[PDB]
$ cat model_27.csv   # CSV, N, CA, C and O atoms and all ligand atoms
chain,number,residue,atom,x,y,z
M,1,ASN,N,-13.1,1.6,-13.5
M,1,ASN,CA,-12.3,2.7,-14.0
M,1,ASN,C,-11.3,3.1,-12.9
M,1,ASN,O,-10.1,3.1,-13.2
M,2,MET,N,-11.7,3.3,-11.6
M,2,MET,CA,-10.8,3.7,-10.6
M,2,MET,C,-10.5,2.5,-9.6
M,2,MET,O,-11.1,1.4,-9.8
M,3,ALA,N,-9.5,2.7,-8.7
M,3,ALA,CA,-9.1,1.7,-7.7
M,3,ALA,C,-8.3,2.2,-6.4
M,3,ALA,O,-7.8,3.3,-6.4
M,4,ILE,N,-8.3,1.3,-5.3
M,4,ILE,CA,-7.6,1.6,-4.0
M,4,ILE,C,-6.8,0.4,-3.6
M,4,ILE,O,-7.2,-0.7,-3.8
M,5,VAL,N,-5.6,0.7,-3.0
M,5,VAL,CA,-4.6,-0.3,-2.5
M,5,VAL,C,-4.4,-0.2,-1.0
M,5,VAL,O,-3.9,0.9,-0.6
M,6,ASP,N,-4.5,-1.2,-0.2
M,6,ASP,CA,-4.3,-1.2,1.3
M,6,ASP,C,-3.0,-2.1,1.6
M,6,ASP,O,-2.7,-3.0,0.8
M,7,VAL,N,-2.3,-1.7,2.7
M,7,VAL,CA,-1.1,-2.4,3.1
M,7,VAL,C,-1.0,-2.5,4.7
M,7,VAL,O,-0.6,-1.5,5.3
M,8,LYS,N,-1.4,-3.6,5.3
M,8,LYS,CA,-1.3,-3.7,6.8
M,8,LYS,C,0.2,-3.9,7.0
M,8,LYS,O,0.9,-4.6,6.2
M,9,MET,N,0.8,-3.4,8.2
M,9,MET,CA,2.2,-3.5,8.5
M,9,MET,C,2.4,-4.7,9.5
M,9,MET,O,1.5,-5.1,10.2
M,10,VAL,N,3.7,-5.2,9.5
M,10,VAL,CA,4.0,-6.2,10.4
M,10,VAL,C,4.4,-5.6,11.8
M,10,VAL,O,5.0,-4.5,11.7
M,11,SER,N,4.1,-6.2,12.9
M,11,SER,CA,4.3,-5.8,14.3
M,11,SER,C,4.2,-4.3,14.7
M,11,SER,O,3.2,-3.9,15.3
M,12,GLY,N,5.2,-3.5,14.3
M,12,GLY,CA,5.1,-2.1,14.5
M,12,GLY,C,6.2,-1.2,13.9
M,12,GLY,O,7.2,-1.0,14.6
M,13,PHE,N,6.1,-0.8,12.6
M,13,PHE,CA,7.0,0.1,11.9
M,13,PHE,C,6.3,0.9,10.8
M,13,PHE,O,5.5,0.4,10.1
M,14,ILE,N,6.7,2.2,10.7
M,14,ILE,CA,6.1,3.1,9.7
M,14,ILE,C,7.1,3.8,8.8
M,14,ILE,O,8.3,3.7,9.1
M,15,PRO,N,6.7,4.4,7.6
M,15,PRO,CA,7.7,5.0,6.7
M,15,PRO,C,8.0,6.5,7.0
M,15,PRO,O,7.4,7.1,7.9
M,16,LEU,N,8.8,7.2,6.2
M,16,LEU,CA,9.1,8.6,6.3
M,16,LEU,C,8.3,9.5,5.3
M,16,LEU,O,7.7,9.0,4.4
M,17,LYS,N,8.4,10.8,5.5
M,17,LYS,CA,7.7,11.8,4.7
M,17,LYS,C,8.3,12.0,3.3
M,17,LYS,O,7.5,11.9,2.4
M,18,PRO,N,9.6,12.1,3.1
M,18,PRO,CA,10.1,12.2,1.7
M,18,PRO,C,9.9,11.0,0.8
M,18,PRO,O,10.1,11.2,-0.4
M,19,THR,N,9.4,9.8,1.3
M,19,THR,CA,9.0,8.6,0.6
M,19,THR,C,7.5,8.5,0.4
M,19,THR,O,7.1,8.0,-0.6
M,20,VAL,N,6.7,9.0,1.4
M,20,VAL,CA,5.2,9.0,1.3
M,20,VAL,C,4.8,10.2,0.3
M,20,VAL,O,3.9,10.0,-0.5
M,21,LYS,N,5.4,11.4,0.5
M,21,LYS,CA,5.2,12.6,-0.3
M,21,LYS,C,5.5,12.4,-1.8
M,21,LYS,O,4.8,13.0,-2.6
M,22,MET,N,6.6,11.7,-2.0
M,22,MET,CA,7.1,11.4,-3.4
M,22,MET,C,6.1,10.5,-4.1
M,22,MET,O,6.2,10.5,-5.4
M,23,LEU,N,5.2,9.8,-3.4
M,23,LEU,CA,4.3,8.9,-4.1
M,23,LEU,C,3.1,9.6,-4.8
M,23,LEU,O,2.7,9.2,-5.9
M,24,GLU,N,2.5,10.6,-4.1
M,24,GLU,CA,1.3,11.3,-4.6
M,24,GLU,C,1.7,12.1,-5.9
M,24,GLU,O,0.8,12.2,-6.8
M,25,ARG,N,3.0,12.5,-6.0
M,25,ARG,CA,3.5,13.2,-7.2
M,25,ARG,C,4.1,12.2,-8.2
M,25,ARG,O,5.3,12.3,-8.5
M,26,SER,N,3.3,11.3,-8.7
M,26,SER,CA,3.6,10.3,-9.8
M,26,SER,C,2.4,9.9,-10.5
M,26,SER,O,1.3,10.3,-10.1
M,27,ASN,N,2.6,9.2,-11.7
M,27,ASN,CA,1.4,8.8,-12.5
M,27,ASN,C,0.5,7.8,-11.8
M,27,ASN,O,1.0,6.9,-11.1
M,28,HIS,N,-0.8,8.0,-11.8
M,28,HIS,CA,-1.9,7.2,-11.2
M,28,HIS,C,-2.1,7.3,-9.7
M,28,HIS,O,-2.8,6.5,-9.1
M,29,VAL,N,-1.5,8.3,-8.9
M,29,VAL,CA,-1.6,8.4,-7.5
M,29,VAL,C,-2.4,9.7,-7.1
M,29,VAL,O,-2.0,10.8,-7.4
M,30,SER,N,-3.6,9.5,-6.4
M,30,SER,CA,-4.5,10.5,-5.9
M,30,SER,C,-4.2,11.0,-4.5
M,30,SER,O,-4.2,12.2,-4.2
M,31,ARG,N,-3.8,10.1,-3.6
M,31,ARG,CA,-3.5,10.4,-2.2
M,31,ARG,C,-2.8,9.3,-1.5
M,31,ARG,O,-3.1,8.2,-1.7
M,32,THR,N,-1.8,9.7,-0.7
M,32,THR,CA,-1.0,8.7,0.1
M,32,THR,C,-1.3,9.1,1.5
M,32,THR,O,-1.5,10.3,1.9
M,33,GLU,N,-1.6,8.0,2.4
M,33,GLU,CA,-2.0,8.2,3.7
M,33,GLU,C,-1.8,6.9,4.5
M,33,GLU,O,-1.6,5.9,3.9
M,34,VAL,N,-1.8,7.0,5.9
M,34,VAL,CA,-1.7,5.8,6.8
M,34,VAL,C,-2.7,5.9,7.9
M,34,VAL,O,-2.6,6.8,8.7
M,35,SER,N,-3.7,4.9,8.0
M,35,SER,CA,-4.7,4.9,9.0
M,35,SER,C,-4.4,3.8,10.0
M,35,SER,O,-4.8,2.6,9.8
M,36,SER,N,-3.8,4.1,11.1
M,36,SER,CA,-3.4,3.2,12.2
M,36,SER,C,-2.6,2.0,11.6
M,36,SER,O,-3.0,0.8,11.8
M,37,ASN,N,-1.4,2.3,11.0
M,37,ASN,CA,-0.5,1.3,10.4
M,37,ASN,C,-1.1,0.5,9.2
M,37,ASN,O,-0.5,-0.5,8.8
M,38,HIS,N,-2.1,1.1,8.5
M,38,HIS,CA,-2.7,0.5,7.3
M,38,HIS,C,-2.3,1.5,6.2
M,38,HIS,O,-2.9,2.5,6.1
M,39,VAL,N,-1.1,1.2,5.6
M,39,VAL,CA,-0.6,2.2,4.6
M,39,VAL,C,-1.3,2.1,3.3
M,39,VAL,O,-1.0,1.4,2.4
M,40,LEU,N,-2.4,2.9,3.2
M,40,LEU,CA,-3.3,2.9,2.0
M,40,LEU,C,-2.7,3.9,0.9
M,40,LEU,O,-2.6,5.1,1.3
M,41,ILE,N,-2.5,3.4,-0.3
M,41,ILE,CA,-2.1,4.3,-1.4
M,41,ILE,C,-3.4,4.4,-2.4
M,41,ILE,O,-3.7,3.4,-3.0
M,42,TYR,N,-4.0,5.6,-2.4
M,42,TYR,CA,-5.2,5.8,-3.2
M,42,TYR,C,-4.9,5.9,-4.7
M,42,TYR,O,-4.5,7.0,-5.1
M,43,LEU,N,-5.0,4.8,-5.5
M,43,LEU,CA,-4.8,4.8,-6.9
M,43,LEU,C,-5.8,5.6,-7.7
M,43,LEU,O,-6.9,5.8,-7.1
M,44,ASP,N,-5.5,6.1,-8.9
M,44,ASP,CA,-6.4,7.0,-9.6
M,44,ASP,C,-7.3,6.1,-10.6
M,44,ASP,O,-8.4,6.0,-10.3
M,45,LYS,N,-6.7,5.6,-11.6
M,45,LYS,CA,-7.4,4.7,-12.6
M,45,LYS,C,-6.7,3.4,-12.8
M,45,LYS,O,-5.5,3.3,-12.5
M,46,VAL,N,-7.5,2.4,-13.3
M,46,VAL,CA,-7.0,1.0,-13.6
M,46,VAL,C,-6.3,1.0,-15.0
M,46,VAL,O,-6.8,1.6,-15.9
M,47,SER,N,-5.2,0.2,-15.1
M,47,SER,CA,-4.5,0.1,-16.4
M,47,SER,C,-4.0,-1.3,-16.6
M,47,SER,O,-3.5,-2.0,-15.7
M,48,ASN,N,-3.9,-1.7,-17.9
M,48,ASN,CA,-3.4,-3.0,-18.3
M,48,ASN,C,-1.9,-3.2,-18.1
M,48,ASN,O,-1.4,-4.2,-17.6
M,49,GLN,N,-1.1,-2.1,-18.4
M,49,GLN,CA,0.4,-2.1,-18.2
M,49,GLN,C,0.7,-2.1,-16.7
M,49,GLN,O,0.0,-1.4,-16.0
M,50,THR,N,1.8,-2.7,-16.3
M,50,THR,CA,2.2,-2.8,-14.9
M,50,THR,C,2.7,-1.5,-14.4
M,50,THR,O,3.4,-0.7,-15.1
M,51,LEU,N,2.4,-1.1,-13.1
M,51,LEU,CA,2.8,0.1,-12.4
M,51,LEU,C,3.4,-0.3,-11.0
M,51,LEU,O,2.8,-1.0,-10.3
M,52,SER,N,4.7,0.1,-10.8
M,52,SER,CA,5.4,-0.2,-9.6
M,52,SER,C,5.4,1.0,-8.6
M,52,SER,O,5.6,2.1,-8.9
M,53,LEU,N,5.3,0.7,-7.3
M,53,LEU,CA,5.3,1.6,-6.2
M,53,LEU,C,6.3,1.2,-5.1
M,53,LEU,O,6.6,0.0,-5.0
M,54,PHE,N,6.9,2.1,-4.4
M,54,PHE,CA,8.0,1.8,-3.4
M,54,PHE,C,8.3,2.9,-2.4
M,54,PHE,O,8.0,4.1,-2.6
M,55,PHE,N,8.8,2.5,-1.2
M,55,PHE,CA,9.1,3.4,-0.1
M,55,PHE,C,9.9,2.7,1.0
M,55,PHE,O,10.0,1.5,1.0
M,56,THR,N,10.5,3.4,2.0
M,56,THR,CA,11.3,2.9,3.1
M,56,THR,C,10.4,2.9,4.5
M,56,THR,O,10.0,3.9,4.9
M,57,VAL,N,10.3,1.7,5.1
M,57,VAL,CA,9.6,1.5,6.4
M,57,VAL,C,10.7,1.3,7.5
M,57,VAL,O,11.3,0.3,7.5
M,58,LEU,N,10.7,2.2,8.5
M,58,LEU,CA,11.7,2.2,9.6
M,58,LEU,C,11.3,1.3,10.8
M,58,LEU,O,10.2,1.6,11.4
M,59,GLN,N,12.1,0.3,11.1
M,59,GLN,CA,11.9,-0.6,12.2
M,59,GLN,C,12.0,0.0,13.7
M,59,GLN,O,13.1,0.5,14.1
M,60,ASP,N,10.9,0.1,14.4
M,60,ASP,CA,10.8,0.7,15.7
M,60,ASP,C,11.0,-0.3,16.9
M,60,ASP,O,11.8,-0.1,17.7
M,61,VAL,N,10.2,-1.4,16.8
M,61,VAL,CA,10.2,-2.4,17.9
M,61,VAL,C,11.0,-3.7,17.4
M,61,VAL,O,10.5,-4.5,16.6
M,62,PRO,N,12.2,-3.9,17.8
M,62,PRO,CA,13.0,-5.1,17.3
M,62,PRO,C,12.6,-6.5,17.9
M,62,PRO,O,13.3,-7.4,17.5
M,63,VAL,N,11.5,-6.6,18.6
M,63,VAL,CA,11.0,-7.9,19.1
M,63,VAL,C,10.3,-8.6,17.9
M,63,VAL,O,9.2,-8.1,17.5
M,64,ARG,N,11.0,-9.5,17.2
M,64,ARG,CA,10.6,-10.1,15.9
M,64,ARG,C,10.8,-11.7,15.9
M,64,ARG,O,11.8,-12.2,16.5
M,65,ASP,N,9.9,-12.4,15.2
M,65,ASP,CA,10.0,-13.9,15.0
M,65,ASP,C,9.7,-14.2,13.5
M,65,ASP,O,10.6,-14.2,12.7
M,66,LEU,N,8.4,-14.5,13.1
M,66,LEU,CA,8.0,-14.8,11.7
M,66,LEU,C,6.4,-14.5,11.4
M,66,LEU,O,5.6,-15.4,11.5
M,67,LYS,N,6.1,-13.3,11.0
M,67,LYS,CA,4.7,-12.9,10.6
M,67,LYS,C,4.6,-12.0,9.3
M,67,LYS,O,4.9,-10.8,9.3
M,68,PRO,N,4.1,-12.6,8.2
M,68,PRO,CA,3.9,-11.8,6.9
M,68,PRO,C,2.6,-11.1,6.9
M,68,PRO,O,1.5,-11.7,6.8
M,69,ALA,N,2.6,-9.7,6.8
M,69,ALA,CA,1.3,-8.9,6.8
M,69,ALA,C,0.7,-9.0,5.4
M,69,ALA,O,1.3,-9.4,4.4
M,70,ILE,N,-0.6,-8.6,5.3
M,70,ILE,CA,-1.5,-8.6,4.1
M,70,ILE,C,-1.4,-7.3,3.2
M,70,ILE,O,-1.1,-6.2,3.7
M,71,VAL,N,-1.8,-7.5,1.9
M,71,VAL,CA,-1.9,-6.4,0.9
M,71,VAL,C,-3.2,-6.7,0.2
M,71,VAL,O,-3.5,-7.8,-0.2
M,72,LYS,N,-4.1,-5.6,0.1
M,72,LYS,CA,-5.4,-5.7,-0.6
M,72,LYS,C,-5.4,-4.7,-1.7
M,72,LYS,O,-4.6,-3.7,-1.8
M,73,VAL,N,-6.3,-4.9,-2.7
M,73,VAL,CA,-6.5,-4.1,-3.8
M,73,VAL,C,-7.9,-4.3,-4.4
M,73,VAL,O,-8.1,-5.3,-5.0
M,74,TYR,N,-8.8,-3.4,-4.0
M,74,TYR,CA,-10.2,-3.4,-4.4
M,74,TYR,C,-10.5,-2.1,-5.2
M,74,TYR,O,-9.9,-1.1,-4.8
M,75,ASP,N,-11.4,-2.1,-6.2
M,75,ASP,CA,-11.7,-0.9,-6.8
M,75,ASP,C,-12.6,0.0,-6.0
M,75,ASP,O,-13.3,-0.4,-5.1
M,76,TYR,N,-12.6,1.4,-6.3
M,76,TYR,CA,-13.3,2.4,-5.5
M,76,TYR,C,-14.8,2.2,-5.7
M,76,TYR,O,-15.6,2.6,-4.8
M,77,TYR,N,-15.3,1.6,-6.8
M,77,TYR,CA,-16.7,1.4,-7.1
M,77,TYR,C,-17.2,0.0,-6.5
M,77,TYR,O,-17.7,0.1,-5.4
M,78,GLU,N,-16.9,-1.1,-7.1
M,78,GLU,CA,-17.3,-2.5,-6.6
M,78,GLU,C,-16.2,-3.1,-5.7
M,78,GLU,O,-15.3,-3.7,-6.2
M,79,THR,N,-16.4,-3.0,-4.3
M,79,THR,CA,-15.4,-3.5,-3.4
M,79,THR,C,-15.4,-5.1,-3.2
M,79,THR,O,-14.6,-5.6,-2.4
M,80,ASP,N,-16.3,-5.8,-3.9
M,80,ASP,CA,-16.3,-7.3,-3.9
M,80,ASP,C,-15.2,-7.9,-4.7
M,80,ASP,O,-14.7,-9.0,-4.3
M,81,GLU,N,-14.7,-7.3,-5.8
M,81,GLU,CA,-13.7,-7.9,-6.7
M,81,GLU,C,-12.3,-7.3,-6.4
M,81,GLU,O,-12.0,-6.2,-6.8
M,82,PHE,N,-11.5,-8.1,-5.7
M,82,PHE,CA,-10.1,-7.7,-5.2
M,82,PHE,C,-9.1,-8.9,-5.3
M,82,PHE,O,-9.5,-10.1,-5.6
M,83,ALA,N,-7.8,-8.7,-5.0
M,83,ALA,CA,-6.8,-9.8,-4.9
M,83,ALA,C,-5.9,-9.6,-3.7
M,83,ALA,O,-5.3,-8.6,-3.6
M,84,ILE,N,-5.8,-10.7,-2.9
M,84,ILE,CA,-4.9,-10.6,-1.7
M,84,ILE,C,-3.5,-11.0,-2.1
M,84,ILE,O,-3.3,-11.6,-3.1
M,85,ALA,N,-2.5,-10.6,-1.2
M,85,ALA,CA,-1.1,-11.0,-1.4
M,85,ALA,C,-0.2,-10.7,-0.2
M,85,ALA,O,0.3,-9.6,0.0
M,86,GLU,N,0.0,-11.7,0.6
M,86,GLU,CA,0.8,-11.5,1.8
M,86,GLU,C,2.3,-11.4,1.5
M,86,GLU,O,2.8,-12.2,0.6
M,87,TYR,N,3.0,-10.5,2.1
M,87,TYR,CA,4.5,-10.2,2.0
M,87,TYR,C,5.1,-10.4,3.3
M,87,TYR,O,4.5,-10.1,4.3
M,88,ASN,N,6.3,-11.0,3.3
M,88,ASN,CA,7.1,-11.3,4.6
M,88,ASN,C,8.2,-10.3,4.7
M,88,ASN,O,8.6,-9.7,3.7
M,89,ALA,N,8.6,-10.0,5.9
M,89,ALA,CA,9.7,-9.0,6.2
M,89,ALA,C,11.0,-9.4,5.6
M,89,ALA,O,11.2,-10.5,5.2
M,90,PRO,N,12.0,-8.5,5.5
M,90,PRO,CA,13.3,-8.9,4.9
M,90,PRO,C,14.1,-9.8,5.8
M,90,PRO,O,15.1,-10.4,5.3
M,91,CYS,N,13.9,-9.8,7.2
M,91,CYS,CA,14.6,-10.7,8.2
M,91,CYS,C,13.9,-12.0,8.4
M,91,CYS,O,14.6,-13.0,8.4
M,92,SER,N,12.6,-12.0,8.5
M,92,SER,CA,11.7,-13.2,8.8
M,92,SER,C,11.9,-14.2,7.6
M,92,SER,O,11.8,-13.9,6.5
J,1,LIG,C1,-6.6,-2.7,-22.1
J,1,LIG,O1,-6.8,-4.0,-22.7
J,1,LIG,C2,-7.8,-4.2,-23.7
J,1,LIG,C3,-7.7,-5.7,-24.1
J,1,LIG,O2,-7.5,-6.6,-23.1
J,1,LIG,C4,-7.8,-3.2,-24.8
J,1,LIG,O3,-8.9,-3.4,-25.7
J,1,LIG,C5,-7.8,-1.8,-24.2
J,1,LIG,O4,-7.6,-0.8,-25.3
J,1,LIG,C6,-6.7,-1.6,-23.2
J,1,LIG,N1,-6.7,-0.3,-22.6
J,1,LIG,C7,-7.8,0.4,-22.1
J,1,LIG,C8,-7.6,1.8,-21.8
J,1,LIG,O5,-8.9,-0.2,-21.9
$ encode --input "model_27.csv" --output "structure tokens"
Amino acid sequence: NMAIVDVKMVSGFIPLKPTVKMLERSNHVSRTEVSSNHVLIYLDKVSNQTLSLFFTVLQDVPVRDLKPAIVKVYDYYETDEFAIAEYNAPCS
């Protein structure tokens, strides 16, 4: 019935408050938070129709080459059934 989404960041960059704040105030979002660059968006309930999420991540450390970070999505009840999906940076 319920679910949670994790997002590990590449090298070292975080987002701003008017983009993190704007996520909790939308359909299916319980809490938006970041635990040591793991940008977790706490989803409310699971649904068949597609739901899109978005925000701006500001580049701090410009020492870059080619590393795509991970995305996780496991339900709040049974954490064994999830789906991985690595995303690459816009420059890499
Ligand atoms: C989701 O999909 C199933 C069929 O795949 C459907 O029976 C159901 O009504 C849909 N919605 C919910 C809330 O389960």
$ residues_near_point --input "model_27.csv" --point "(8.0, -12.2, 14.6)" --cutoff "9 Å" --atoms "only C-alpha atoms" --output "number ranges by chain"
M: 10-11, 63-68, 92
$ residues_near_ligand --input "model_27.csv" --ligand "ligand LIG 1 (chain J)" --cutoff "10 Å" --atoms "only C-alpha atoms and all ligand atoms" --output "MDAnalysis selection string"
chainID M and resid 1 45:49
$ residues_around --input "model_27.csv" --residues "residue 13 (chain M)" --least-positions-apart "2" --cutoff "7 Å" --atoms "only N, CA, C and O atoms" --output "ChimeraX atom specification"
/M:9-11,15,37,57-61
$ write_last_selection --input "model_27.csv" --atoms "N, CA, C and O atoms" --output "PDB file, in the coordinates of the input"
ATOM      1  N   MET M   9       0.800  -3.400   8.200  1.00  0.00           N
ATOM      2  CA  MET M   9       2.200  -3.500   8.500  1.00  0.00           C
ATOM      3  C   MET M   9       2.400  -4.700   9.500  1.00  0.00           C
ATOM      4  O   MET M   9       1.500  -5.100  10.200  1.00  0.00           O
ATOM      5  N   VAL M  10       3.700  -5.200   9.500  1.00  0.00           N
ATOM      6  CA  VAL M  10       4.000  -6.200  10.400  1.00  0.00           C
ATOM      7  C   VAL M  10       4.400  -5.600  11.800  1.00  0.00           C
ATOM      8  O   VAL M  10       5.000  -4.500  11.700  1.00  0.00           O
ATOM      9  N   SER M  11       4.100  -6.200  12.900  1.00  0.00           N
ATOM     10  CA  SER M  11       4.300  -5.800  14.300  1.00  0.00           C
ATOM     11  C   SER M  11       4.200  -4.300  14.700  1.00  0.00           C
ATOM     12  O   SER M  11       3.200  -3.900  15.300  1.00  0.00           O
ATOM     13  N   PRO M  15       6.700   4.400   7.600  1.00  0.00           N
ATOM     14  CA  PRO M  15       7.700   5.000   6.700  1.00  0.00           C
ATOM     15  C   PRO M  15       8.000   6.500   7.000  1.00  0.00           C
ATOM     16  O   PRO M  15       7.400   7.100   7.900  1.00  0.00           O
ATOM     17  N   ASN M  37      -1.400   2.300  11.000  1.00  0.00           N
ATOM     18  CA  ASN M  37      -0.500   1.300  10.400  1.00  0.00           C
ATOM     19  C   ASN M  37      -1.100   0.500   9.200  1.00  0.00           C
ATOM     20  O   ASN M  37      -0.500  -0.500   8.800  1.00  0.00           O
ATOM     21  N   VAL M  57      10.300   1.700   5.100  1.00  0.00           N
ATOM     22  CA  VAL M  57       9.600   1.500   6.400  1.00  0.00           C
ATOM     23  C   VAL M  57      10.700   1.300   7.500  1.00  0.00           C
ATOM     24  O   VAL M  57      11.300   0.300   7.500  1.00  0.00           O
ATOM     25  N   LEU M  58      10.700   2.200   8.500  1.00  0.00           N
ATOM     26  CA  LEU M  58      11.700   2.200   9.600  1.00  0.00           C
ATOM     27  C   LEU M  58      11.300   1.300  10.800  1.00  0.00           C
ATOM     28  O   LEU M  58      10.200   1.600  11.400  1.00  0.00           O
ATOM     29  N   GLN M  59      12.100   0.300  11.100  1.00  0.00           N
ATOM     30  CA  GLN M  59      11.900  -0.600  12.200  1.00  0.00           C
ATOM     31  C   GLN M  59      12.000   0.000  13.700  1.00  0.00           C
ATOM     32  O   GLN M  59      13.100   0.500  14.100  1.00  0.00           O
ATOM     33  N   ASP M  60      10.900   0.100  14.400  1.00  0.00           N
ATOM     34  CA  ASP M  60      10.800   0.700  15.700  1.00  0.00           C
ATOM     35  C   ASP M  60      11.000  -0.300  16.900  1.00  0.00           C
ATOM     36  O   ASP M  60      11.800  -0.100  17.700  1.00  0.00           O
ATOM     37  N   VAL M  61      10.200  -1.400  16.800  1.00  0.00           N
ATOM     38  CA  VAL M  61      10.200  -2.400  17.900  1.00  0.00           C
ATOM     39  C   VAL M  61      11.000  -3.700  17.400  1.00  0.00           C
ATOM     40  O   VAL M  61      10.500  -4.500  16.600  1.00  0.00           O
TER      41      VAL M  61
END
$ closest_residue --input "model_27.csv" --among "M:7, M:2, M:40, M:23" --to "residue 86 (chain M)" --atoms "only C-alpha atoms"
M:7
$ closest_residue --input "model_27.csv" --among "M:55, M:89, M:19, M:81" --to "residue 69 (chain M)" --atoms "all atoms listed in the file"
M:89
